[PDB]
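Heads up, the thing below is written out as structure tokens.
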Number of protein chains: 2
Amino acid sequence: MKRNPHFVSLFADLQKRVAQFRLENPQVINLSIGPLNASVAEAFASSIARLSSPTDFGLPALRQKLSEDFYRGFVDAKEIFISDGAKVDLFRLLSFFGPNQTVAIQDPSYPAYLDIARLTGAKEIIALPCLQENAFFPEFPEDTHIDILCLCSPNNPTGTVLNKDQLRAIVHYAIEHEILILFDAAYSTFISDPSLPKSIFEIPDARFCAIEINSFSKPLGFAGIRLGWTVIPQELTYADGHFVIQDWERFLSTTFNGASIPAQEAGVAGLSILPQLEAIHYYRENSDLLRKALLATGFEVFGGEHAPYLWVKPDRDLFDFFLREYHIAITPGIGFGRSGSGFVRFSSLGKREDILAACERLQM
Amino acid sequence: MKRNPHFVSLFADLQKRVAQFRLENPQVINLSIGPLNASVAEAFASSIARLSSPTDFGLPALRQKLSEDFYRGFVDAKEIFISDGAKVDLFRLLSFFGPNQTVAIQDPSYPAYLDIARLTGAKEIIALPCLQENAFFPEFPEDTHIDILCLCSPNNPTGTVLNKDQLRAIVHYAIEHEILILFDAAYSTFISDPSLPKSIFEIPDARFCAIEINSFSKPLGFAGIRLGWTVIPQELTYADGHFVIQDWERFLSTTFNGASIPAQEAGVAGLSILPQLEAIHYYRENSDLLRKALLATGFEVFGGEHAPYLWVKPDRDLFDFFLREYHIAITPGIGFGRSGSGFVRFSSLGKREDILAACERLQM
């Protein structure tokens, strides 16, 4: 039994070395990192009760409520597959397409994409620089065949959203070069400008070249819900005219036994209270707060309105600078990749107390 | 985007065509196929309560209780990885070993092995005939290199258990030819003779060539618990002396985000009440019942003491014969594979009412 080839090519680590600084400066606000909702839990329990009394791609009620409330009718229930989270789905996806794909990803990169690409067999991996001069529109190589394009919108780490016009461009480019697009919209719920697309299926032609994955986990309010979903259009087709959706059903039947039903039952209630939650207006606040603190204290601030990420311009100068000069841990850009250089990712997903404390250490 | 090669090579189906017979003979006991425990659910809920109040490889308490109660000390907590079920684990495993393996499986086969092998890239698949002349000891080919050997003990479909002496043989054969053994013990809880091994780790040398997967789901009492575990020995090594357990940790971190914690909390309570459950003495009963009915009515009966499967000798003669001559649906042997020929699988996992009704239609 020889070891895995696809394996041998593989942060943070940033967190250990920060406990370090604390064990060495004991007299630090951690913004480099991250309670279950009342209605959600009641549904959970009621689901459990249902099970302890006498008497597949997802609970029909959940596939439905997604269609109608979450996707606002743009997606059909039968196009929606419930799984236990966005990451496993991304793994099952890339795994499903087979090895030797060449796969392009945004740079700066959410690093789980790179790994799973490497792990699932990619022939090459192409970083698509995304930079504010270009409004973060990724820069495609002329001219290199790409097979799969991973997108992450709203974006981790830029906290940026590809808008309507931008996605239309990407989709046209995609169909033009026969690129399958994998579209990760796990942060979509954080969008606060009701114009911007929330799903890639709001974009002309997306159904002939695109899949979406999404989850609860981070809307937030959803702690302990092992639950996500994948969307495959009926229209989506391999080179030879076979339907992706069909291969996906076989695949799923063979390798998955579905999400937990109580968690499914719990998603349904979550969809109900979904668009209310100051439980996200709370974070929009953190982001505002940071932003102005940051702009007041001289910085260039990007992101933060439609995701819990501030992308901030003032390389190992960076981590240790912020810790020392401000007592704020962050994640330095270049960690997420090569066009990360010169930037820092602040995370907005914390207690207001600390958010305020950090905003203070930006005065003097 | 070309379709998946590994894909193009892929029951039941038996169930549709049985509804058929009913829509055509309206004046049938279904033994071809299959309530959440009170303590388990209480734990679930309490877990949920815990989550709705303010404030990785598995819940430590669960990894522990497995070690100590389930594995009876034979396995260490750190060797135990919690996932959301045995099947996904088998998929993640074979996926993890990479493609081009040649993989041997028992014949008669539990058919998910074949698929997942095919799907994950196998170069060849070798059926290992298991037959009662040989006490169901699988028959190895001289002399064909095999890389992985899947075992299923207690066995679906024979309802058979490889015993101590048998596994010692297989393990010696395995280390001798450098075969990794994948050992599926999901039915172990049904063992009712306290001599027989329950885990492969009760067998000298198993740790230098074997992994085990197991779950709750079917002990039974565990409906709606998306929960299994995998066991990797510290000692287990690739050809080049690298440690499997280590590659597995990386792999898992990249592609899984763990079992649900409430389901984990719920497993713990389940381990407590685990060895009590007439909730399995109930089925042992069904099996007794069937067995004698079957022997009284002239048949050859195998299995049924240590799993909910009776393997019965009296090929398309079979399905439609049983339906017509007895009004009992079964699963015919040859469905699980080529050395299935001449046998039928009865399933013992039903209401006592129907078990009794079936035993009746064996008189005249």
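Simple scheme: letters A, B, ... for chains in structure tokens order, numbers from 1 for residues in each chain, numbers from 1 for ligands in the order shown.
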
7 Å contacts from chain B to chain A using only C-alpha atoms, as a ChimeraX atom specification: /B:1-4,35-38,41,45,48,51-55,87-88,91,97-98,112,116,147,178-180,224-226,238-240,254-256,260-261

Using only C-alpha atoms, determine which residues lie at most 10 Å from residue B:74, disregarding the query and same-chain residues fewer than 3 positions distant; provide the list as a CSV table (one decimal) with C-alpha atoms, in the first residue's frame.
chain,number,residue,atom,x,y,z
B,66,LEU,CA,-15.9,4.2,22.3
B,67,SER,CA,-12.4,3.1,23.5
B,68,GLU,CA,-13.6,2.0,26.8
B,69,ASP,CA,-17.1,0.6,26.4
B,70,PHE,CA,-17.4,-0.2,22.8
B,71,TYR,CA,-13.9,-1.4,21.9
B,77,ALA,CA,-9.4,7.2,21.8
B,199,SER,CA,-13.5,-5.9,16.3
B,200,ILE,CA,-10.6,-6.8,14.1
B,201,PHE,CA,-8.4,-5.3,16.8
B,202,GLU,CA,-8.9,-8.3,19.0
B,203,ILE,CA,-6.8,-10.3,16.6

After a least-squares superposition on chain A over all sequentially paired C-alpha atoms, what is chain B as a short mmCIF file (atom, residue, chain, number, x, y, z; two decimals) with C-alpha atoms, in the first residue's frame?
data_model
loop_
_atom_site.label_atom_id
_atom_site.label_comp_id
_atom_site.auth_asym_id
_atom_site.auth_seq_id
_atom_site.Cartn_x
_atom_site.Cartn_y
_atom_site.Cartn_z
CA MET B 1 0.00 0.00 0.00
CA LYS B 2 1.85 3.00 -1.29
CA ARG B 3 1.11 6.45 0.02
CA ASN B 4 -1.04 8.92 -1.95
CA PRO B 5 0.68 10.82 -4.70
CA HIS B 6 -2.11 13.43 -4.87
CA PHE B 7 -1.31 13.82 -1.26
CA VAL B 8 2.27 14.97 -1.07
CA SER B 9 1.91 18.75 -1.68
CA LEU B 10 0.25 20.31 1.33
CA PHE B 11 -1.31 27.56 8.49
CA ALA B 12 -2.55 28.30 11.05
CA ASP B 13 -0.37 28.11 13.14
CA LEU B 14 -0.88 31.85 13.06
CA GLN B 15 -2.96 31.06 16.10
CA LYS B 16 -0.34 29.14 18.05
CA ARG B 17 2.17 31.95 17.43
CA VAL B 18 -0.28 34.48 18.73
CA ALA B 19 -0.74 32.69 22.07
CA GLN B 20 3.03 33.02 22.00
CA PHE B 21 2.87 36.83 21.93
CA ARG B 22 0.38 36.70 24.85
CA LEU B 23 2.57 34.36 26.90
CA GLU B 24 5.22 37.06 26.27
CA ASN B 25 3.32 40.37 26.61
CA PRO B 26 0.79 39.61 29.45
CA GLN B 27 -0.16 43.32 29.97
CA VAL B 28 -4.78 41.51 22.70
CA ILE B 29 -8.01 41.74 20.56
CA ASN B 30 -8.14 38.78 18.12
CA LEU B 31 -9.66 39.70 14.73
CA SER B 32 -8.19 36.86 12.74
CA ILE B 33 -11.09 34.50 13.49
CA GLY B 34 -14.74 33.92 14.82
CA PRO B 35 -25.52 30.81 20.20
CA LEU B 36 -28.14 28.66 18.53
CA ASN B 37 -31.24 30.59 17.70
CA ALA B 38 -34.36 30.09 19.80
CA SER B 39 -36.80 29.10 16.96
CA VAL B 40 -34.25 26.85 15.30
CA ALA B 41 -33.67 24.85 18.52
CA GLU B 42 -37.37 24.46 19.23
CA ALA B 43 -37.69 22.94 15.73
CA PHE B 44 -34.74 20.68 16.37
CA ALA B 45 -36.30 19.40 19.53
CA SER B 46 -39.71 18.96 18.08
CA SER B 47 -38.01 17.01 15.35
CA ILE B 48 -36.36 14.85 17.97
CA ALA B 49 -39.69 14.30 19.74
CA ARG B 50 -41.23 13.27 16.39
CA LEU B 51 -38.46 10.57 16.08
CA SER B 52 -38.82 9.04 19.53
CA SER B 53 -42.46 8.12 18.76
CA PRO B 54 -43.49 5.14 16.61
CA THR B 55 -43.03 5.36 12.71
CA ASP B 56 -32.35 10.52 -0.83
CA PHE B 57 -31.49 14.20 -1.59
CA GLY B 58 -33.17 16.13 1.18
CA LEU B 59 -36.28 16.75 3.19
CA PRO B 60 -38.87 17.89 0.48
CA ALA B 61 -40.01 20.72 2.77
CA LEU B 62 -36.43 21.97 2.91
CA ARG B 63 -35.77 21.63 -0.84
CA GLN B 64 -38.99 23.60 -1.27
CA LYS B 65 -38.46 26.39 1.18
CA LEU B 66 -34.98 26.88 -0.33
CA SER B 67 -36.50 27.26 -3.85
CA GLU B 68 -39.11 29.63 -2.77
CA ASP B 69 -37.64 31.67 0.12
CA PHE B 70 -33.94 31.37 -0.25
CA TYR B 71 -33.54 31.30 -4.05
CA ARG B 72 -36.69 33.50 -4.54
CA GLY B 73 -38.03 31.12 -7.15
CA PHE B 74 -34.86 31.13 -9.29
CA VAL B 75 -34.00 27.57 -8.53
CA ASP B 76 -36.12 24.53 -8.51
CA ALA B 77 -36.58 22.15 -5.58
CA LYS B 78 -35.41 19.22 -7.73
CA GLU B 79 -32.20 21.11 -8.56
CA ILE B 80 -31.28 21.27 -4.79
CA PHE B 81 -29.29 18.63 -2.92
CA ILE B 82 -29.00 18.67 0.86
CA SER B 83 -25.69 17.59 2.39
CA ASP B 84 -23.87 18.14 5.65
CA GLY B 85 -21.95 21.23 4.73
CA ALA B 86 -20.47 23.40 1.99
CA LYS B 87 -16.92 22.07 2.44
CA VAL B 88 -17.74 18.41 2.19
CA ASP B 89 -19.77 19.41 -0.85
CA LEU B 90 -16.87 21.12 -2.45
CA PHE B 91 -14.87 18.02 -1.79
CA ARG B 92 -17.59 15.69 -3.20
CA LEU B 93 -17.92 18.02 -6.29
CA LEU B 94 -14.25 18.18 -7.30
CA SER B 95 -14.02 14.61 -6.45
CA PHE B 96 -17.03 13.83 -8.72
CA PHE B 97 -15.45 15.73 -11.71
CA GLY B 98 -12.43 13.35 -11.64
CA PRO B 99 -8.68 14.14 -11.60
CA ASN B 100 -6.56 16.04 -14.19
CA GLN B 101 -8.74 19.07 -14.31
CA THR B 102 -7.02 22.31 -14.51
CA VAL B 103 -8.73 24.59 -12.07
CA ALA B 104 -8.60 28.31 -11.66
CA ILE B 105 -9.32 30.09 -8.33
CA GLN B 106 -9.42 33.75 -7.16
CA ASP B 107 -6.21 35.14 -5.74
CA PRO B 108 -6.41 36.03 -2.86
CA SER B 109 -7.66 32.47 -2.23
CA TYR B 110 -9.73 30.85 0.42
CA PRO B 111 -7.19 28.11 0.98
CA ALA B 112 -9.48 25.12 1.27
CA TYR B 113 -10.06 25.38 -2.46
CA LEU B 114 -6.35 24.88 -3.21
CA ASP B 115 -6.09 21.85 -0.97
CA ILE B 116 -9.18 20.13 -2.23
CA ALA B 117 -8.12 20.84 -5.76
CA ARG B 118 -4.64 19.34 -5.04
CA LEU B 119 -6.23 16.43 -3.16
CA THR B 120 -8.78 15.62 -5.85
CA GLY B 121 -6.17 15.45 -8.59
CA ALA B 122 -5.86 18.76 -10.33
CA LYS B 123 -3.36 18.89 -13.21
CA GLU B 124 -2.63 22.56 -12.57
CA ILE B 125 -4.05 25.38 -10.41
CA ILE B 126 -4.33 28.86 -11.84
CA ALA B 127 -4.53 31.83 -9.58
CA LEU B 128 -6.70 34.53 -10.89
CA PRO B 129 -5.48 37.78 -9.50
CA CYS B 130 -8.27 39.95 -8.08
CA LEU B 131 -7.25 43.51 -7.27
CA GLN B 132 -9.06 46.73 -6.47
CA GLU B 133 -7.69 48.53 -9.54
CA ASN B 134 -9.79 46.09 -11.50
CA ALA B 135 -12.69 46.35 -9.06
CA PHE B 136 -11.60 42.78 -8.08
CA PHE B 137 -12.68 41.34 -11.35
CA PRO B 138 -10.40 38.31 -11.70
CA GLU B 139 -7.75 38.53 -14.43
CA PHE B 140 -7.90 35.55 -16.83
CA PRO B 141 -4.89 34.17 -18.56
CA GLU B 142 -4.70 34.51 -22.24
CA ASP B 143 -4.61 31.87 -23.09
CA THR B 144 -4.65 28.74 -20.98
CA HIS B 145 -7.25 26.12 -21.02
CA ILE B 146 -9.06 26.09 -17.67
CA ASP B 147 -11.65 23.34 -16.83
CA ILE B 148 -13.25 24.53 -13.56
CA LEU B 149 -13.45 27.93 -12.02
CA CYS B 150 -14.05 28.34 -8.31
CA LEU B 151 -15.70 31.49 -7.19
CA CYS B 152 -16.33 32.77 -3.87
CA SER B 153 -18.80 35.59 -3.72
CA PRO B 154 -19.24 37.37 -1.40
CA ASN B 155 -15.46 36.83 -1.14
CA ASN B 156 -13.26 35.42 1.60
CA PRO B 157 -10.86 37.18 2.03
CA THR B 158 -11.63 40.48 0.24
CA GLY B 159 -15.19 40.65 1.68
CA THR B 160 -16.02 41.69 -1.87
CA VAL B 161 -19.07 40.85 -4.10
CA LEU B 162 -18.94 40.16 -7.82
CA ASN B 163 -21.94 42.17 -9.07
CA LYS B 164 -24.45 41.47 -11.87
CA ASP B 165 -22.39 42.92 -14.64
CA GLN B 166 -19.30 41.18 -13.40
CA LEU B 167 -20.92 37.76 -13.20
CA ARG B 168 -22.56 38.14 -16.63
CA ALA B 169 -19.00 38.74 -17.95
CA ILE B 170 -17.63 35.69 -16.15
CA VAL B 171 -20.51 33.52 -17.35
CA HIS B 172 -20.08 34.65 -20.94
CA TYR B 173 -16.36 34.00 -20.64
CA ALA B 174 -17.16 30.62 -19.08
CA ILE B 175 -19.58 29.36 -21.86
CA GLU B 176 -17.21 30.81 -24.43
CA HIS B 177 -14.31 28.61 -23.18
CA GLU B 178 -16.32 25.72 -21.90
CA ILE B 179 -15.43 26.30 -18.25
CA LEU B 180 -17.56 24.75 -15.47
CA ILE B 181 -18.03 27.33 -12.67
CA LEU B 182 -18.31 26.39 -9.05
CA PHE B 183 -19.87 29.22 -7.21
CA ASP B 184 -19.61 29.47 -3.47
CA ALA B 185 -22.18 31.73 -1.96
CA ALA B 186 -21.96 30.68 1.70
CA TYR B 187 -21.75 34.40 2.68
CA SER B 188 -24.71 35.48 0.49
CA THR B 189 -26.94 36.15 3.46
CA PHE B 190 -24.63 38.97 4.47
CA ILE B 191 -25.42 40.93 1.35
CA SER B 192 -27.19 44.13 2.48
CA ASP B 193 -27.66 45.92 -0.89
CA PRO B 194 -30.78 44.25 -2.41
CA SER B 195 -29.66 44.95 -6.05
CA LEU B 196 -26.63 42.72 -6.04
CA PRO B 197 -27.07 39.16 -7.05
CA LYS B 198 -27.30 36.67 -4.17
CA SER B 199 -27.12 33.54 -6.40
CA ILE B 200 -25.38 32.86 -9.64
CA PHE B 201 -28.73 31.70 -11.03
CA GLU B 202 -29.87 35.36 -11.20
CA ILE B 203 -27.51 35.79 -14.14
CA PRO B 204 -28.36 35.07 -17.76
CA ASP B 205 -26.83 31.74 -18.93
CA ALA B 206 -25.49 30.64 -15.58
CA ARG B 207 -27.45 27.39 -16.07
CA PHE B 208 -25.39 26.17 -18.91
CA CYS B 209 -22.14 26.47 -16.99
CA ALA B 210 -22.45 26.73 -13.18
CA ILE B 211 -23.09 24.99 -9.91
CA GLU B 212 -23.63 26.74 -6.58
CA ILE B 213 -22.82 25.53 -3.05
CA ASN B 214 -24.05 27.20 0.08
CA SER B 215 -24.79 26.50 3.76
CA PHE B 216 -26.22 27.78 6.99
CA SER B 217 -23.31 27.51 9.50
CA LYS B 218 -22.32 31.26 9.11
CA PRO B 219 -25.48 33.35 8.72
CA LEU B 220 -25.03 33.24 11.81
CA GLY B 221 -27.42 31.84 14.46
CA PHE B 222 -26.84 28.27 13.37
CA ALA B 223 -24.24 26.68 15.64
CA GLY B 224 -24.42 22.82 15.64
CA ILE B 225 -26.32 22.52 12.36
CA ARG B 226 -24.28 20.12 10.12
CA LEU B 227 -26.15 21.35 6.94
CA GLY B 228 -25.48 22.65 3.44
CA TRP B 229 -26.78 22.29 -0.09
CA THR B 230 -25.60 22.02 -3.61
CA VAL B 231 -27.44 23.38 -6.76
CA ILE B 232 -27.16 21.69 -10.18
CA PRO B 233 -29.26 23.23 -13.08
CA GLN B 234 -31.38 20.76 -15.21
CA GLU B 235 -29.72 22.22 -18.27
CA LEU B 236 -26.18 21.72 -17.32
CA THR B 237 -24.35 19.42 -19.62
CA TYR B 238 -20.97 17.69 -20.12
CA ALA B 239 -19.03 18.08 -23.37
CA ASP B 240 -20.92 15.11 -24.80
CA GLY B 241 -24.40 16.43 -24.01
CA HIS B 242 -24.96 14.28 -20.90
CA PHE B 243 -26.69 15.90 -17.98
CA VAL B 244 -24.63 16.70 -14.97
CA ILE B 245 -27.68 16.59 -12.66
CA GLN B 246 -28.08 12.92 -13.55
CA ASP B 247 -24.56 11.79 -12.83
CA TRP B 248 -24.83 13.77 -9.58
CA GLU B 249 -27.86 11.84 -8.45
CA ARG B 250 -26.14 8.43 -8.96
CA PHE B 251 -22.96 9.72 -7.29
CA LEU B 252 -24.80 11.06 -4.26
CA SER B 253 -26.83 7.85 -3.80
CA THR B 254 -23.65 5.83 -3.66
CA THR B 255 -21.61 7.95 -1.25
CA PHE B 256 -24.00 9.81 1.00
CA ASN B 257 -26.91 8.97 3.19
CA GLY B 258 -28.21 12.55 3.52
CA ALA B 259 -28.19 15.29 6.10
CA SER B 260 -29.60 14.61 9.46
CA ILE B 261 -33.38 15.00 9.35
CA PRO B 262 -33.59 16.90 12.60
CA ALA B 263 -31.07 19.36 11.26
CA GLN B 264 -33.21 19.58 8.07
CA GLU B 265 -36.33 20.24 10.10
CA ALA B 266 -34.20 22.86 11.86
CA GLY B 267 -33.15 24.53 8.60
CA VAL B 268 -36.79 25.05 7.64
CA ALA B 269 -37.42 27.03 10.83
CA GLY B 270 -34.20 28.88 10.19
CA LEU B 271 -35.37 29.94 6.74
CA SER B 272 -38.45 31.47 8.39
CA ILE B 273 -36.63 33.73 10.78
CA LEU B 274 -33.78 34.14 8.26
CA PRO B 275 -34.46 37.63 6.96
CA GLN B 276 -34.84 39.36 10.31
CA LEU B 277 -31.75 38.74 12.36
CA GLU B 278 -30.05 41.85 13.55
CA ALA B 279 -28.01 38.74 14.46
CA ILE B 280 -26.30 39.92 11.27
CA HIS B 281 -27.14 43.66 11.53
CA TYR B 282 -24.97 43.23 14.72
CA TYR B 283 -21.99 42.37 12.48
CA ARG B 284 -22.76 44.87 9.78
CA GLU B 285 -22.25 47.16 12.80
CA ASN B 286 -18.85 45.77 13.75
CA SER B 287 -17.83 46.31 10.14
CA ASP B 288 -19.00 49.89 10.05
CA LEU B 289 -17.23 50.45 13.33
CA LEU B 290 -13.93 48.99 12.21
CA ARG B 291 -14.15 50.69 8.83
CA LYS B 292 -14.36 54.22 10.12
CA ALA B 293 -11.83 53.55 12.86
CA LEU B 294 -9.55 52.28 10.06
CA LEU B 295 -10.17 55.19 7.70
CA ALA B 296 -9.81 57.70 10.59
CA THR B 297 -6.45 56.11 11.53
CA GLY B 298 -5.21 56.54 7.88
CA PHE B 299 -5.88 53.09 6.28
CA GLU B 300 -7.33 51.86 2.95
CA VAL B 301 -10.46 49.82 3.77
CA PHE B 302 -12.14 47.32 1.41
CA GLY B 303 -15.06 44.89 1.99
CA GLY B 304 -17.18 44.75 5.11
CA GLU B 305 -20.63 45.65 3.79
CA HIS B 306 -21.63 42.30 2.35
CA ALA B 307 -19.48 39.92 4.34
CA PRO B 308 -17.78 39.82 7.75
CA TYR B 309 -14.39 40.60 6.24
CA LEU B 310 -12.50 43.85 6.07
CA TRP B 311 -9.59 43.86 3.60
CA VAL B 312 -7.16 46.43 4.75
CA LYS B 313 -4.09 48.09 3.21
CA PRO B 314 -1.55 50.09 5.39
CA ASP B 315 5.51 40.78 3.91
CA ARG B 316 6.05 39.26 7.37
CA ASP B 317 6.09 42.95 8.41
CA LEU B 318 2.35 42.55 8.94
CA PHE B 319 1.29 39.97 11.49
CA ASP B 320 3.77 40.98 14.12
CA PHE B 321 3.28 44.67 13.38
CA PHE B 322 -0.44 44.63 14.25
CA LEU B 323 -0.04 42.57 17.35
CA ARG B 324 2.69 44.91 18.69
CA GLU B 325 1.52 48.36 17.43
CA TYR B 326 -2.20 47.84 18.23
CA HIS B 327 -2.70 44.56 20.16
CA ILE B 328 -4.94 43.24 17.38
CA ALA B 329 -4.39 39.85 15.80
CA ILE B 330 -5.36 39.71 12.13
CA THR B 331 -4.70 37.36 9.22
CA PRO B 332 -2.20 38.71 6.78
CA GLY B 333 -3.24 38.89 3.10
CA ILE B 334 -0.30 37.02 1.60
CA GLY B 335 -1.51 34.01 3.63
CA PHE B 336 -4.51 33.60 1.34
CA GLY B 337 -2.16 33.99 -1.62
CA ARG B 338 0.28 35.81 -3.74
CA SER B 339 -1.91 38.76 -4.73
CA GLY B 340 -2.68 38.97 -1.00
CA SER B 341 0.57 40.90 -0.59
CA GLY B 342 0.21 44.21 1.33
CA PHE B 343 -3.16 43.51 2.83
CA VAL B 344 -4.61 42.28 5.98
CA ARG B 345 -7.88 40.49 6.66
CA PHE B 346 -9.84 41.71 9.60
CA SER B 347 -12.69 39.47 10.69
CA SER B 348 -15.87 41.17 11.90
CA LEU B 349 -17.24 38.02 13.61
CA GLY B 350 -16.71 38.87 17.27
CA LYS B 351 -18.11 40.42 20.43
CA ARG B 352 -18.91 44.13 20.21
CA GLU B 353 -16.77 44.71 23.31
CA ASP B 354 -13.56 43.75 21.50
CA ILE B 355 -14.60 45.46 18.29
CA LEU B 356 -14.86 48.67 20.31
CA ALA B 357 -11.59 48.03 22.13
CA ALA B 358 -9.81 47.63 18.80
CA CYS B 359 -11.34 50.79 17.42
CA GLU B 360 -9.87 52.56 20.43
CA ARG B 361 -6.28 51.36 19.88
CA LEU B 362 -6.47 53.53 16.71
CA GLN B 363 -6.29 57.01 18.31
CA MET B 364 -3.08 58.52 19.91
#

Stretch 69-236 of chain B: residues DSSP assigns to helix (DSSP H, G or I), reported as a ChimeraX atom specification: /B:69-70,77-79,86-96,111-120,132-134,164-176,188-190,200-202,206-208

Residue list (strand (DSSP E), DSSP) for stretch 103-338 of chain B, as an MDAnalysis selection string: chainID B and resid 103:107 124:129 148:152 180:184 210:215 228:231 300:303 309:313 328:329 331:332

Selected residues written out with C-alpha atoms, as a PDB file, in the first residue's frame:
ATOM      1  CA  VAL B 103      -9.404  -4.441  -4.435  1.00  0.00           C
ATOM      2  CA  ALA B 104     -10.812  -7.738  -3.348  1.00  0.00           C
ATOM      3  CA  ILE B 105     -14.290  -8.124  -1.748  1.00  0.00           C
ATOM      4  CA  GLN B 106     -16.347 -11.062  -0.384  1.00  0.00           C
ATOM      5  CA  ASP B 107     -18.695 -12.747  -2.822  1.00  0.00           C
ATOM      6  CA  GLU B 124      -9.593  -4.371 -10.874  1.00  0.00           C
ATOM      7  CA  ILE B 125     -12.101  -5.892  -8.427  1.00  0.00           C
ATOM      8  CA  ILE B 126     -11.630  -9.435  -7.225  1.00  0.00           C
ATOM      9  CA  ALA B 127     -14.515 -11.375  -5.859  1.00  0.00           C
ATOM     10  CA  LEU B 128     -13.577 -13.674  -3.102  1.00  0.00           C
ATOM     11  CA  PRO B 129     -15.994 -16.522  -3.081  1.00  0.00           C
ATOM     12  CA  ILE B 148      -7.095  -3.648  -0.346  1.00  0.00           C
ATOM     13  CA  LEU B 149      -9.415  -6.207   1.071  1.00  0.00           C
ATOM     14  CA  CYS B 150     -12.913  -5.253   2.167  1.00  0.00           C
ATOM     15  CA  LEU B 151     -14.485  -7.334   4.829  1.00  0.00           C
ATOM     16  CA  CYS B 152     -17.836  -7.292   6.189  1.00  0.00           C
ATOM     17  CA  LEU B 180      -4.506  -3.291   3.578  1.00  0.00           C
ATOM     18  CA  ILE B 181      -7.740  -4.639   5.138  1.00  0.00           C
ATOM     19  CA  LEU B 182     -10.856  -2.574   5.492  1.00  0.00           C
ATOM     20  CA  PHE B 183     -13.040  -4.156   8.055  1.00  0.00           C
ATOM     21  CA  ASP B 184     -16.686  -3.288   8.295  1.00  0.00           C
ATOM     22  CA  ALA B 210      -6.233  -3.073   9.060  1.00  0.00           C
ATOM     23  CA  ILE B 211      -8.734  -0.295   9.472  1.00  0.00           C
ATOM     24  CA  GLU B 212     -12.235  -0.696  10.887  1.00  0.00           C
ATOM     25  CA  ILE B 213     -15.396   1.286  10.128  1.00  0.00           C
ATOM     26  CA  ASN B 214     -18.552   1.076  12.146  1.00  0.00           C
ATOM     27  CA  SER B 215     -21.699   3.067  13.028  1.00  0.00           C
ATOM     28  CA  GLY B 228     -20.231   6.657  12.436  1.00  0.00           C
ATOM     29  CA  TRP B 229     -16.553   6.229  13.167  1.00  0.00           C
ATOM     30  CA  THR B 230     -13.384   5.054  11.591  1.00  0.00           C
ATOM     31  CA  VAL B 231     -10.418   3.322  13.415  1.00  0.00           C
ATOM     32  CA  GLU B 300     -31.135 -24.960   4.417  1.00  0.00           C
ATOM     33  CA  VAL B 301     -30.747 -22.007   6.818  1.00  0.00           C
ATOM     34  CA  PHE B 302     -27.524 -20.016   7.360  1.00  0.00           C
ATOM     35  CA  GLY B 303     -26.849 -16.844   9.417  1.00  0.00           C
ATOM     36  CA  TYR B 309     -29.839 -11.780   7.900  1.00  0.00           C
ATOM     37  CA  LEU B 310     -30.919 -15.299   7.122  1.00  0.00           C
ATOM     38  CA  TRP B 311     -29.166 -16.860   4.109  1.00  0.00           C
ATOM     39  CA  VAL B 312     -31.415 -19.492   2.749  1.00  0.00           C
ATOM     40  CA  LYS B 313     -31.013 -22.301   0.208  1.00  0.00           C
ATOM     41  CA  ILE B 328     -42.918 -13.209   1.019  1.00  0.00           C
ATOM     42  CA  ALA B 329     -40.632 -10.769  -0.735  1.00  0.00           C
ATOM     43  CA  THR B 331     -33.696 -10.477  -1.933  1.00  0.00           C
ATOM     44  CA  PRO B 332     -32.248 -13.138  -4.130  1.00  0.00           C
TER      45      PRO B 332
END
